[PDB]
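Engineer: Let me begin by handing over the structure; questions about it come next.
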Amino acid sequence: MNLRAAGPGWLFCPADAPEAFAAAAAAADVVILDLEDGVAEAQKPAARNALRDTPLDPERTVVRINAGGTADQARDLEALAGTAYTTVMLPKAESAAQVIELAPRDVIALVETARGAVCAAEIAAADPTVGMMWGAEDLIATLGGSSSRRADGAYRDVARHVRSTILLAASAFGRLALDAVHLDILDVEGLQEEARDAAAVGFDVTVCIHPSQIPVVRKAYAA
Amino acid sequence: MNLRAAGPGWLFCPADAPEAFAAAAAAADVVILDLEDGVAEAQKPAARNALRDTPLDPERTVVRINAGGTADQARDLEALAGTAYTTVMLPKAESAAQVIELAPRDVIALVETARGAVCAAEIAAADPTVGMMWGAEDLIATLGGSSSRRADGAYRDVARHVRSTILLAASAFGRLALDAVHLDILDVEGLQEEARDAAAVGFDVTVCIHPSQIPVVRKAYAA
Amino acid sequence: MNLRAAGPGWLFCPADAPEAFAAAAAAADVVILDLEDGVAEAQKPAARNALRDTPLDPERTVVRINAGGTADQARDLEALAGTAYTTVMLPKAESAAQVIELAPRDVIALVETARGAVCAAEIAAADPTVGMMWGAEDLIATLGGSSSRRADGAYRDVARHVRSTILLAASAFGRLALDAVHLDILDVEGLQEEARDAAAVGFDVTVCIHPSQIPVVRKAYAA
């Protein structure tokens with residue numbers, strides 16, 4: 001894909017909702033059709049069917065598959081066979097090996113565990129990698145914690161640490177850098193603060209979970 | 001040891017004070033009998049004797065030995081021979097090699113120097129490692145600095161950086177993560193702030209230097 | 001050089017201004033004669049001549065050359081041949097290989113890109129390395145960002161992250177650690193805040209761009 005030529009506003013769309021695919025594509029620069037946590041276990045087969053029969057522009061669409069070694073990932077790659085999509089997003093990305101096993105597809109590695117953070121440079125350097133993202137929710141959950149943000153709403157230090165780690169790793173290897181979702185959709189103030197800062201430090205994209213977040217991201221990245 | 005099954009409140013007890021061993025054990029989830037900085041040079045031989053003749057439950061006791069390559073460490077491992085203790089804490093932990101040389105004991109690596117921070121993943125990955133701790137005092141001292149905390153009492157950035165480094169390294173390799181001592185014993189407000197945050201981000205333990213700190217730690221880690 | 005024996009106040013002096021060399025040397029502990037960004041492209045040949053015909057004490061002078069692989073660097077090393085200088089500062093330092101190729105000179109590696117940050121330990125460990133510095137301006141510029149500082153004037157997180165990275169890498173390998181320039185010359189309050197903190201955490205030097213910054217740095221590092 002010409003990832004950089006596409007704008008900064010990327011939008012998750014659960015793949016079990018094909019009636020929303022066209023609306024997502026019109027709202028966003030890039031849509032991430034989601035086969036992982038956006039879709040309940042029981043509707044994953046239906047999601048994979050929707051992925052096949054309701055296509056989007058593959059120049060502006062990536063598919064978030066399931067994690068390495070899972071039966072779900074294998075089912076996802078089978079469903080992808082029947083599409084035109086070239087680029088996948090790998091959740092819980094933890095090693096170069098997990099990225100390499102996805103060749104010949106392009107891979108956006110989503111680092112959201114300690115092992116992924118520790119191995120970020122190796123992940124970023126892997127040949128299939130075209131982008132790096134981070135996520136604070138599963139980072140804190142897999143660390144054994146309870147909250148990625150403190151009471152005043154700022155990310156805790158370990159999240160801040162991982163954010164910088166992934167920005168540096170991505171940039172060191174010439175990869176797109178994607179900043180984490182702002183989970184509080186109606187908190188447009190916080191999103192604006194994050195996206196302005198992301199743009200300022202060289203993130204290429206801020207990933208969104210609701211179409212209302214796209215204009216705020218696009219404005220933050222204006223220059 | 002079943003480290004995780006033991007609670008979050010660990011308590012240093014200088015090994016040259018056997019009259020306090022039973023009181024420490026009753027107050028704490030785990031006692032760290034200390035042969036390093038808790039004990040003056042001249043009383044280290046007496047500490048090693050106390051370690052032998054005044055036993056604690058080895059399921060709930062770890063021994064902090066002296067640093068790699070020191071004559072004191074060699075004397076410590078000799079004294080340990082006559083005990084039932086299985087788990088040691090290695091101060092100034094700086095390489096996998098320093099941990100491996102302690103096999104077949106289990107090792108909690110205490111990272112408190114730049115080299116330890118830089119090599120944290122290697123240390124965490126070493127076969128004997130069961131836990132990682134950090135310390136800001138000796139980190140700043142060995143860096144050549146003067147204060148780990150700024151005037152408003154917050155840790156300086158390099159300390160914050162090392163804290164996250166060790167949390168991630170420990171979690172990446174499935175090790176217990178131990179948060180640093182709160183040196184200002186009577187500052188229970190600061191300890192509560194640190195321990196609540198530690199619990200939130202996935203530390204397993206907050207290490208204490210005074211029995212009064214244990215209830216505050218236990219409450220912070222409640223869930 | 002006896003780098004540590006020289007004081008904490010280092011001062012950039014563009015090498016195309018030999019009429020200022022003596023004044024810089026009298027004001028500063030160490031002068032960095034600059035052949036890179038301090039000197040416009042068209043005056044670099046003149047700078048290299050000045051470097052030759054207007055000598056400073058080589059015990060108290062380092063030369064900032066141009067980046068690895070550039071034609072300018074090659075011209076710089078040729079000009080250096082005719083001087084007594086032993087120690088160079090390598091901008092945009094990105095690998096051990098870039099440092100090693102400067103042997104047998106001593107090298108202060110200036111990390112100011114993502115790749116340099118990611119490879120900081122390798123850079124620090126390289127045999128010619130005697131010091132590590134960081135720079136936030138080119139870090140943010142090469143990341144693709146727009147501002148190293150947020151609106152309240154604090155460094156953004158990625159800059160803070162790289163600062164700690166370089167401090168740790170330098171200290172882990174026994175190298176001098178140099179803190180970044182305070183670009184707002186008249187902001188002596190901010191410089192004092194930075195230099196006091198730098199001194200506190202174990203930086204050896206704060207690099208300056210104007211002689212007025214030297215007394216503030218010297219006082220901050222007093223103890």
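Yeah, the Cβs are placed from backbone N, Cα and C, and that goes for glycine too.
Grabbed the feature section from Swiss-Prot, which reads as follows:
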BINDING   B:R64, B:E112  substrate binding site
BINDING   B:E112, B:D138  Mg(2+) binding site
Engineer: B:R64 (substrate binding site) to B:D138 (Mg(2+) binding site): how many Å between their Cα atoms?
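Structural biologist: Here the two Cα atoms lie 15 Å apart.
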Engineer: Return the residue, from the listed binding-site residues B:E112, B:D138, with the maximum count of other C-beta atoms within 10 angstroms of its C-beta.
Structural biologist: B:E112
Engineer: Round to a whole number and give the Cα-to-Cα distance in Å for the pair B:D138 (Mg(2+) binding site) and B:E112 (substrate binding site).
Structural biologist: 5
